[PDB]
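Structure file entry25.cif with mmCIF, C-alpha atoms:
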data_my_file
loop_
_atom_site.group_PDB
_atom_site.id
_atom_site.type_symbol
_atom_site.label_atom_id
_atom_site.label_comp_id
_atom_site.auth_asym_id
_atom_site.auth_seq_id
_atom_site.Cartn_x
_atom_site.Cartn_y
_atom_site.Cartn_z
ATOM 1 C CA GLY A 4 103.125 74.782 98.244
ATOM 2 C CA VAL A 5 103.620 74.987 94.471
ATOM 3 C CA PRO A 6 102.131 78.213 93.048
ATOM 4 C CA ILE A 7 99.176 76.405 91.452
ATOM 5 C CA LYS A 8 98.328 74.764 94.793
ATOM 6 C CA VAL A 9 98.420 78.191 96.460
ATOM 7 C CA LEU A 10 96.009 79.441 93.799
ATOM 8 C CA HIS A 11 93.649 76.484 94.366
ATOM 9 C CA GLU A 12 93.570 77.334 98.106
ATOM 10 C CA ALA A 13 92.190 80.820 97.239
ATOM 11 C CA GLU A 14 89.117 79.236 95.636
ATOM 12 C CA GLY A 15 86.222 80.639 97.638
ATOM 13 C CA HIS A 16 88.173 83.758 98.616
ATOM 14 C CA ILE A 17 88.507 87.229 97.158
ATOM 15 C CA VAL A 18 91.449 87.603 94.825
ATOM 16 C CA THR A 19 92.817 90.480 92.807
ATOM 17 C CA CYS A 20 93.853 89.716 89.259
ATOM 18 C CA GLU A 21 96.018 92.154 87.288
ATOM 19 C CA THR A 22 96.273 91.479 83.544
ATOM 20 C CA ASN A 23 99.228 92.004 81.195
ATOM 21 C CA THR A 24 97.457 94.998 79.651
ATOM 22 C CA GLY A 25 96.672 96.697 82.976
ATOM 23 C CA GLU A 26 93.062 95.710 83.693
ATOM 24 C CA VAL A 27 92.366 94.872 87.318
ATOM 25 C CA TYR A 28 89.735 92.238 88.133
ATOM 26 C CA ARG A 29 88.901 91.873 91.789
ATOM 27 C CA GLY A 30 86.475 89.326 93.179
ATOM 28 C CA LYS A 31 85.660 85.881 94.394
ATOM 29 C CA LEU A 32 87.764 83.132 92.896
ATOM 30 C CA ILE A 33 85.306 80.345 92.093
ATOM 31 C CA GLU A 34 87.763 78.173 90.253
ATOM 32 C CA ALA A 35 91.317 78.117 89.026
ATOM 33 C CA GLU A 36 92.318 75.541 86.420
ATOM 34 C CA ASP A 37 95.703 73.881 86.009
ATOM 35 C CA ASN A 38 96.755 76.578 83.515
ATOM 36 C CA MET A 39 95.721 79.360 85.959
ATOM 37 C CA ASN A 40 92.659 80.322 83.939
ATOM 38 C CA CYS A 41 90.389 81.778 86.627
ATOM 39 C CA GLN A 42 86.645 81.842 86.958
ATOM 40 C CA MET A 43 85.646 84.754 89.207
ATOM 41 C CA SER A 44 82.336 86.154 90.373
ATOM 42 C CA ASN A 45 80.919 89.417 91.688
ATOM 43 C CA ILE A 46 83.909 91.287 90.406
ATOM 44 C CA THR A 47 84.952 94.883 90.370
ATOM 45 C CA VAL A 48 87.032 95.739 87.294
ATOM 46 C CA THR A 49 89.338 98.679 86.706
ATOM 47 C CA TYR A 50 90.055 99.194 83.013
ATOM 48 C CA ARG A 51 93.208 100.751 81.592
ATOM 49 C CA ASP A 52 91.767 104.263 81.527
ATOM 50 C CA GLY A 53 90.716 103.969 85.201
ATOM 51 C CA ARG A 54 87.026 103.312 84.466
ATOM 52 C CA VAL A 55 85.642 101.214 87.304
ATOM 53 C CA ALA A 56 82.758 98.818 86.676
ATOM 54 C CA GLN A 57 81.282 95.637 87.989
ATOM 55 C CA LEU A 58 80.521 92.269 86.392
ATOM 56 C CA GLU A 59 78.733 89.191 87.744
ATOM 57 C CA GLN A 60 81.206 86.702 86.314
ATOM 58 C CA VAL A 61 84.451 86.744 84.368
ATOM 59 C CA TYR A 62 86.841 84.165 82.979
ATOM 60 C CA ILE A 63 90.446 85.451 82.987
ATOM 61 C CA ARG A 64 92.918 83.223 81.166
ATOM 62 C CA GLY A 65 96.225 82.581 82.949
ATOM 63 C CA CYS A 66 98.225 83.649 79.847
ATOM 64 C CA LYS A 67 96.678 87.131 80.246
ATOM 65 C CA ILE A 68 97.712 87.478 83.890
ATOM 66 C CA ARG A 69 100.550 89.664 85.158
ATOM 67 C CA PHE A 70 99.951 88.743 88.800
ATOM 68 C CA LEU A 71 97.296 87.628 91.249
ATOM 69 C CA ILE A 72 96.996 88.974 94.804
ATOM 70 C CA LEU A 73 95.854 86.156 97.114
ATOM 71 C CA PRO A 74 94.529 86.218 100.681
ATOM 72 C CA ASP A 75 96.936 86.132 103.640
ATOM 73 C CA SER B 7 116.352 76.068 87.668
ATOM 74 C CA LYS B 8 118.292 76.165 90.909
ATOM 75 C CA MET B 9 115.741 77.952 93.012
ATOM 76 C CA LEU B 10 114.875 75.693 95.972
ATOM 77 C CA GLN B 11 117.834 77.263 97.827
ATOM 78 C CA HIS B 12 116.316 80.728 97.518
ATOM 79 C CA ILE B 13 113.112 79.721 99.303
ATOM 80 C CA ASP B 14 112.210 82.064 102.193
ATOM 81 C CA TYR B 15 114.751 84.786 101.073
ATOM 82 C CA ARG B 16 113.766 88.288 99.869
ATOM 83 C CA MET B 17 114.058 88.509 96.079
ATOM 84 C CA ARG B 18 113.908 91.245 93.418
ATOM 85 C CA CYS B 19 111.845 89.822 90.518
ATOM 86 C CA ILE B 20 112.050 91.912 87.381
ATOM 87 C CA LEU B 21 109.616 91.788 84.519
ATOM 88 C CA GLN B 22 110.366 92.355 80.882
ATOM 89 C CA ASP B 23 108.981 95.894 81.106
ATOM 90 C CA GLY B 24 111.143 96.692 84.147
ATOM 91 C CA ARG B 25 108.506 96.359 86.869
ATOM 92 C CA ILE B 26 110.299 95.200 90.031
ATOM 93 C CA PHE B 27 108.464 92.851 92.378
ATOM 94 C CA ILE B 28 110.229 92.614 95.750
ATOM 95 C CA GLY B 29 108.864 89.971 98.109
ATOM 96 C CA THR B 30 109.739 86.900 100.180
ATOM 97 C CA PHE B 31 110.103 83.944 97.779
ATOM 98 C CA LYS B 32 107.875 81.104 99.003
ATOM 99 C CA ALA B 33 107.132 78.920 95.943
ATOM 100 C CA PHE B 34 108.001 78.464 92.252
ATOM 101 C CA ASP B 35 107.512 76.100 89.324
ATOM 102 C CA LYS B 36 108.928 75.036 85.962
ATOM 103 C CA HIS B 37 107.159 77.914 84.199
ATOM 104 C CA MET B 38 108.676 80.263 86.760
ATOM 105 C CA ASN B 39 105.351 81.252 88.299
ATOM 106 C CA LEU B 40 106.381 82.558 91.748
ATOM 107 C CA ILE B 41 104.755 82.976 95.125
ATOM 108 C CA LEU B 42 106.074 86.175 96.706
ATOM 109 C CA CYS B 43 104.894 87.005 100.231
ATOM 110 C CA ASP B 44 104.909 90.581 101.631
ATOM 111 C CA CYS B 45 105.349 91.734 98.086
ATOM 112 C CA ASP B 46 105.564 95.244 96.705
ATOM 113 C CA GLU B 47 105.842 96.398 93.099
ATOM 114 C CA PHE B 48 108.173 99.252 92.187
ATOM 115 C CA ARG B 49 108.173 101.048 88.841
ATOM 116 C CA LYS B 50 110.621 103.579 87.560
ATOM 117 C CA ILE B 51 109.020 105.908 85.059
ATOM 118 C CA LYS B 52 110.691 108.313 82.680
ATOM 119 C CA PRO B 53 108.203 110.993 81.594
ATOM 120 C CA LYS B 54 107.741 111.879 77.933
ATOM 121 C CA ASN B 55 108.331 115.553 78.848
ATOM 122 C CA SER B 56 112.143 115.931 79.014
ATOM 123 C CA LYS B 57 112.058 118.734 81.607
ATOM 124 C CA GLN B 58 110.438 116.356 84.130
ATOM 125 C CA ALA B 59 112.479 113.900 86.193
ATOM 126 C CA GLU B 60 112.305 110.117 86.319
ATOM 127 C CA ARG B 61 109.760 109.191 88.992
ATOM 128 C CA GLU B 62 108.815 106.166 91.018
ATOM 129 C CA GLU B 63 105.710 104.275 91.973
ATOM 130 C CA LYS B 64 105.308 101.722 94.728
ATOM 131 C CA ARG B 65 102.297 99.503 95.268
ATOM 132 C CA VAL B 66 102.037 97.394 98.410
ATOM 133 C CA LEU B 67 100.511 94.122 97.192
ATOM 134 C CA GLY B 68 100.822 91.362 99.764
ATOM 135 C CA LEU B 69 100.792 87.677 98.840
ATOM 136 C CA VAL B 70 101.464 87.621 95.121
ATOM 137 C CA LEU B 71 101.473 84.905 92.495
ATOM 138 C CA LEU B 72 103.699 86.366 89.787
ATOM 139 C CA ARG B 73 103.404 84.820 86.316
ATOM 140 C CA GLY B 74 106.652 83.492 84.955
ATOM 141 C CA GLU B 75 106.068 84.366 81.264
ATOM 142 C CA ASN B 76 106.873 88.029 81.986
ATOM 143 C CA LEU B 77 109.659 87.360 84.498
ATOM 144 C CA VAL B 78 113.071 88.112 82.993
ATOM 145 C CA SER B 79 115.419 88.470 85.938
ATOM 146 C CA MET B 80 115.762 87.611 89.608
ATOM 147 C CA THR B 81 118.411 88.910 92.048
ATOM 148 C CA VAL B 82 118.832 88.481 95.841
ATOM 149 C CA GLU B 83 117.604 91.574 97.633
ATOM 150 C CA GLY B 84 118.219 90.573 101.216
ATOM 151 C CA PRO B 85 118.256 87.639 103.588
ATOM 152 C CA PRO B 86 115.138 85.969 104.891
ATOM 153 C CA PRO B 87 113.197 88.071 107.408
#
Write out the structure in this file as structure tokens.
Amino acid sequence: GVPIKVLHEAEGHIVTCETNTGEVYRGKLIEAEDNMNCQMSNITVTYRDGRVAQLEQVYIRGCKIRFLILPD
Amino acid sequence: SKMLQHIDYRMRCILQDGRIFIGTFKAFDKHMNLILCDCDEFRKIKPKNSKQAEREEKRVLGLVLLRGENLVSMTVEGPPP
């Protein structure tokens, strides 16, 4: 479909989100908005220096996203 | 742009920093956000140390939604699989 529709179909699935500054957020996509801002939960984040940590919920704006890795 | 013709073909999508996303082009939009299936990212890195040679990194990604704001160039890499 159109990229945004593909993103909406990943709602409920695990997605990987790589930001423009190199942070990697991986977790369950709860909701993507029209501008690709994504609400994710139970995430695992890899920061720029390689530090790995976890967070219960994050809100990643679409303008901060390099790419998203979706299921299938 | 004229991109509906390129659907299902293998494309080389280059970001402003030179990262090269190679995948099967499945979707796009006015902002240039792309859907690239069976996608890999390639980077060519030139070390700060001048006695070391340029090196390469490859990451196998999969089904990728690539944001158009960073996309600067797109070339045909090969026909549709």
Could you give me, as a tab-separated table, a per-residue list for chain B showing, wherever an atom lies at most 12 Å from an atom of chain A, the closest pair of atoms and their distance in Å to one decimal, using only C-alpha atoms and sorting by chain then residue number from low to high?
residue	atom	partner	partner_atom	distance
B:10	CA	A:5	CA	11.4
B:13	CA	A:4	CA	11.2
B:20	CA	A:69	CA	11.9
B:21	CA	A:69	CA	9.3
B:22	CA	A:69	CA	11.0
B:23	CA	A:23	CA	10.5
B:25	CA	A:69	CA	10.5
B:27	CA	A:70	CA	10.1
B:31	CA	A:6	CA	10.9
B:32	CA	A:4	CA	7.9
B:33	CA	A:5	CA	5.5
B:34	CA	A:6	CA	5.9
B:35	CA	A:5	CA	6.5
B:36	CA	A:5	CA	10.0
B:37	CA	A:6	CA	10.2
B:38	CA	A:6	CA	9.3
B:39	CA	A:6	CA	6.5
B:40	CA	A:6	CA	6.2
B:41	CA	A:6	CA	5.8
B:42	CA	A:6	CA	9.6
B:43	CA	A:75	CA	8.7
B:44	CA	A:75	CA	9.3
B:45	CA	A:72	CA	9.4
B:46	CA	A:72	CA	10.8
B:47	CA	A:70	CA	10.6
B:65	CA	A:72	CA	11.8
B:66	CA	A:72	CA	10.5
B:67	CA	A:72	CA	6.7
B:68	CA	A:72	CA	6.7
B:69	CA	A:73	CA	5.4
B:70	CA	A:72	CA	4.7
B:71	CA	A:71	CA	5.1
B:72	CA	A:70	CA	4.5
B:73	CA	A:69	CA	5.7
B:74	CA	A:69	CA	8.7
B:75	CA	A:66	CA	8.0
B:76	CA	A:69	CA	7.3
B:77	CA	A:69	CA	9.4
Mind dumping the selected residues with C-alpha atoms as a compact mmCIF listing (two decimals), in the coordinates of the input?
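Full text of part09.txt as output:
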# COMPACT_ATOMS: atom_id res chain seq x y z
CA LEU B 10 114.88 75.69 95.97
CA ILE B 13 113.11 79.72 99.30
CA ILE B 20 112.05 91.91 87.38
CA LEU B 21 109.62 91.79 84.52
CA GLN B 22 110.37 92.36 80.88
CA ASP B 23 108.98 95.89 81.11
CA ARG B 25 108.51 96.36 86.87
CA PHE B 27 108.46 92.85 92.38
CA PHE B 31 110.10 83.94 97.78
CA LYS B 32 107.88 81.10 99.00
CA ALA B 33 107.13 78.92 95.94
CA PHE B 34 108.00 78.46 92.25
CA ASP B 35 107.51 76.10 89.32
CA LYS B 36 108.93 75.04 85.96
CA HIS B 37 107.16 77.91 84.20
CA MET B 38 108.68 80.26 86.76
CA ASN B 39 105.35 81.25 88.30
CA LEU B 40 106.38 82.56 91.75
CA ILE B 41 104.76 82.98 95.12
CA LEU B 42 106.07 86.18 96.71
CA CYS B 43 104.89 87.00 100.23
CA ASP B 44 104.91 90.58 101.63
CA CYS B 45 105.35 91.73 98.09
CA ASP B 46 105.56 95.24 96.70
CA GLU B 47 105.84 96.40 93.10
CA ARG B 65 102.30 99.50 95.27
CA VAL B 66 102.04 97.39 98.41
CA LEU B 67 100.51 94.12 97.19
CA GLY B 68 100.82 91.36 99.76
CA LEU B 69 100.79 87.68 98.84
CA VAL B 70 101.46 87.62 95.12
CA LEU B 71 101.47 84.90 92.50
CA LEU B 72 103.70 86.37 89.79
CA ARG B 73 103.40 84.82 86.32
CA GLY B 74 106.65 83.49 84.96
CA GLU B 75 106.07 84.37 81.26
CA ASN B 76 106.87 88.03 81.99
CA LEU B 77 109.66 87.36 84.50
Point out the residue among B:30, B:86, B:49, B:56 with the least atom-to-atom distance to residue 18 in chain B, counting only C-alpha atoms.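 Result for the nearest residue to residue 18 in chain B: B:30.
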9 Å contact set for residue 28 in chain A, all atoms listed in the file, chain neighbours under 5 positions out, as number ranges by chain: A: 18-22, 43, 46-50, 61, 63
Would you write out those residues with C-alpha atoms, as a PDB file, keeping the file's coordinate frame?
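In the end it all went to again10.pdb:
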ATOM      1  CA  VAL A  18      91.449  87.603  94.825  1.00  0.00           C
ATOM      2  CA  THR A  19      92.817  90.480  92.807  1.00  0.00           C
ATOM      3  CA  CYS A  20      93.853  89.716  89.259  1.00  0.00           C
ATOM      4  CA  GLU A  21      96.018  92.154  87.288  1.00  0.00           C
ATOM      5  CA  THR A  22      96.273  91.479  83.544  1.00  0.00           C
ATOM      6  CA  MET A  43      85.646  84.754  89.207  1.00  0.00           C
ATOM      7  CA  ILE A  46      83.909  91.287  90.406  1.00  0.00           C
ATOM      8  CA  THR A  47      84.952  94.883  90.370  1.00  0.00           C
ATOM      9  CA  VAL A  48      87.032  95.739  87.294  1.00  0.00           C
ATOM     10  CA  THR A  49      89.338  98.679  86.706  1.00  0.00           C
ATOM     11  CA  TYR A  50      90.055  99.194  83.013  1.00  0.00           C
ATOM     12  CA  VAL A  61      84.451  86.744  84.368  1.00  0.00           C
ATOM     13  CA  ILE A  63      90.446  85.451  82.987  1.00  0.00           C
TER      14      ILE A  63
END
Taking the file above as input, evaluate the PyMOL selection byres ((chain B and resi 61) around 12) and report the hits as an MDAnalysis selection string. chainID B and resid 48:54 58:60 62:64
With the PyMOL selection byres ((chain B and resi 81) around 6) as the selection, what would be picked from this file? Answer as a PyMOL selection string, please. chain B and resi 17-18+80+82
State, in Å with one decimal place, the distance from CA of residue 24 in chain A to CA of residue 7 in chain B. 27.9 Å
